[PDB]
Amino acid sequence: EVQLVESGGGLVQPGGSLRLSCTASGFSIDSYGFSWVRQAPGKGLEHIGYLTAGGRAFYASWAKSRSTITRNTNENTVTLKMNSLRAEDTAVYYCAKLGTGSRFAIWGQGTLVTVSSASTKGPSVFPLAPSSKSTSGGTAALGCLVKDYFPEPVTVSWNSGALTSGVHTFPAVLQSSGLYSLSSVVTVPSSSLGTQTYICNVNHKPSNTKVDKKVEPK
Amino acid sequence: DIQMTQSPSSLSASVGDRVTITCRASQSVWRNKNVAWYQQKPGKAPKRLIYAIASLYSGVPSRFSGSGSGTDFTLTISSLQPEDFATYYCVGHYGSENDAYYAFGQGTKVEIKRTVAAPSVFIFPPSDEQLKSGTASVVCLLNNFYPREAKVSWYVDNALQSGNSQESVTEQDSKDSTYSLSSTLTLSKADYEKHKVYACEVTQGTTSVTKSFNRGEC
Amino acid sequence: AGXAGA
């Protein structure tokens, strides 16, 4: 099917520039208009600029002086560049044909850009183990603690995505150390602790690190 | 500058209720037609529900309907379902033959009212793996409760703790509309090994539940 | 036109 794949660095230093691109598949970017939109953590959607099907770029007032939206017709890509970044510019950036009046609408998957002078750091993954002898009634809880990483995001799956029911992956919290921590937990029937293997799959793409942790009783 | 003002900014409604969200544009949209409605669920990219003011995109449940004219637009959910928990945004397209703009409304958070539910409480000691690092994380899990307000208190050998814990909370579950919460107590290894009884107390309304463990016994 | 700017 049609797809719109986003790419570009996640960690950028204050005073530097971000550069994001989106590559279309199954259609042509040079024949449609595409917007760039961003969303700061926990905040609303903000329109940055629009590149018409004809190749003309129009920018929201706040973004005009720092933003440049272009397209590469040979590469079948559209690109956003913003300079002189500050912590206020940390947000998830999307490319999108918004489809306000047309039936065709498509969004990239979104890319978090973090504006910080700190360095990348991969996570430590520790088990949140269920006790070998149940303390609860039938339902046991287990998980993984993903600690001391930077920047966001990490993703967590269980049993390579086969285990989804009862999973709660909490929002990351920034620790006093300036590094992130989060837990992912899953409730399972306690009788399955002897039968079923439980593995949490932690991916931290900013550091090109993946951790698979087998969570065993006690 | 072009503005779209949604109201309310948030609302709480019960399943089966009828929900109305209004969106006022500061000027006419393109062709008096280009307004769309987007739904954003926890941790997901926005998903378009309506386009051209009132065109329901295929696959979207028919309980979502768009209406309005001029600079006054409305999203209606005829019968609210638990999976409809989300933030909803209007987005308009504006300009002339030589100018193009988009604007998002600020968003409307739709919360699901439901019956009170007490949390299932689990406590996790630090892993032996983590202790080798000189830090100890004690984790208290409150699973699937409502409403969101809960008081979590940590005790170490009956001494109430202050200033050494952080909490994180999931958003309303799309199926049962409950929340889950983690509280993490961070101690040095040295401090953790100096004490025996660790306990997390959860107070909701007229009930306090305390889960505890003794260091060294599982 | 389906969009402005054209």
Side-chain angles (χ1 to χ4, degrees), chain A residues 39 41-45 139 141 164-171 182-187, chain B residues 5-23 36-50 56-57 59-67 73-91 104-121 141-152 167-183 202-207 209:
Chain A
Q39 180 171 42
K43 317 302 183 191
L45 293 163
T139 300
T164 52
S165 191
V167 170
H168 294 295
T169 300
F170 292 92
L182 69 73
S183 288
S184 181
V185 303
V186 60
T187 48
Chain B
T5 305
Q6 301 184 213
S7 48
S9 289
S10 68
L11 66 93
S12 194
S14 289
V15 175
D17 285 0
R18 176 187 185 85
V19 171
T20 296
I21 299 169
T22 64
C23 170
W37 286 97
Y38 275 80
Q39 179 194 60
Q40 187 172 39
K41 297 190 187 185
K44 302 286 187 294
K47 176 190 169 188
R48 188 185 65 171
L49 302 188
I50 304 286
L56 186 66
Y57 185 69
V60 179
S62 59
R63 60 173 175 281
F64 295 102
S65 67
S67 62
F73 308 94
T74 300
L75 179 68
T76 303
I77 319 181
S78 51
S79 185
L80 185 70
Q81 300 302 118
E83 60 272 14
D84 297 332
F85 174 85
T87 301
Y88 294 83
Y89 297 91
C90 59
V91 57
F104 292 86
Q106 84 283 5
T108 297
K109 307 184 184 215
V110 173
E111 319 174 66
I112 311 303
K113 256 216 291 299
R114 60 149 288 161
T115 59
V116 185
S120 305
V121 181
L141 169 64
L142 290 63
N143 213 43
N144 297 342
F145 64 99
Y146 188 93
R148 178 156 163 194
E149 289 178 356
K151 189 190 194 302
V152 180
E167 295 183 359
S168 186
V169 189
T170 60
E171 301 198 310
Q172 290 199 263
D173 181 81
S174 66
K175 188 165 181 295
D176 54 43
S177 306
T178 61
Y179 308 89
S180 292
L181 176 154
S182 66
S183 179
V202 178
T203 302
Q204 178 194 50
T206 68
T207 305
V209 176

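All chains are named by letter (A, B, ...) in the order of the sequence lines, taking the proteins before the strands, and each is independently numbered beginning at 1.
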Interatomic distance, B:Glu167 atom CD to B:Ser183 atom OG [nearest 0.5 angstrom] = 5.0 Å

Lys/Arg-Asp/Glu bridge criterion (N-O < 4.0 Å) met for B:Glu83, B:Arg63 | yes

Determine the sole option in B:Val116, B:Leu142, B:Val209 for which the side-chain contact (heavy atoms from CB on, under 4.5 Å) test with B:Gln204 is passed.
-> B:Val116

Just wondering, do B:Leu56 and B:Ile50 contact through their side chains at under 4.5 Å, heavy atoms?
-> yes

Those residues that, when tested against B:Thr170, pass side chain to side chain donor-acceptor pair (under 3.5 Å) (two or more places apart) | none

Test: B:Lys113 and B:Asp17 ion pair at under 4.0 Å = no

Distance-only, no hydrogens or angles: does the B:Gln6 side chain make a donor-acceptor pair with backbone N or O of B:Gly107 under 3.5 Å?
-> yes

Could you pull out all residues at least two apart from B:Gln172 that satisfy side-chain contact (heavy atoms from CB on, under 4.5 Å)?
-> B:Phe85, B:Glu111, B:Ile112, B:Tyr146, B:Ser177, B:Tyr179

B:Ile21 pairs by side-chain contact (heavy atoms from CB on, under 4.5 Å) with which of B:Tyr89, B:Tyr88, B:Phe73?
-> B:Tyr88

Just by distance, with hydrogens left out, do A:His168 and B:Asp173 show a side-chain donor and acceptor under 3.5 Å apart?
-> no

State, with a plain yes or no, whether a side-chain heavy atom of A:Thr139 is found less than 4.5 Å away from one of B:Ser120.
-> no

Are B:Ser7 and B:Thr22 close enough that a side-chain donor and a side-chain acceptor fall under 3.5 Å?
-> yes

Do B:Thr178 and B:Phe145 have side-chain heavy atoms sitting under 4.5 Å apart?
-> no

Would you call B:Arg114 and B:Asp176 a side-chain contact if the rule is heavy atoms closer than 4.5 Å?
-> yes

Are B:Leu181 and B:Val152 side-chain neighbours, meaning at least one heavy-atom pair lies under 4.5 Å?
-> yes

Heavy-atom side-chain proximity of B:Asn144 to B:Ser180 below 4.5 angstrom = yes

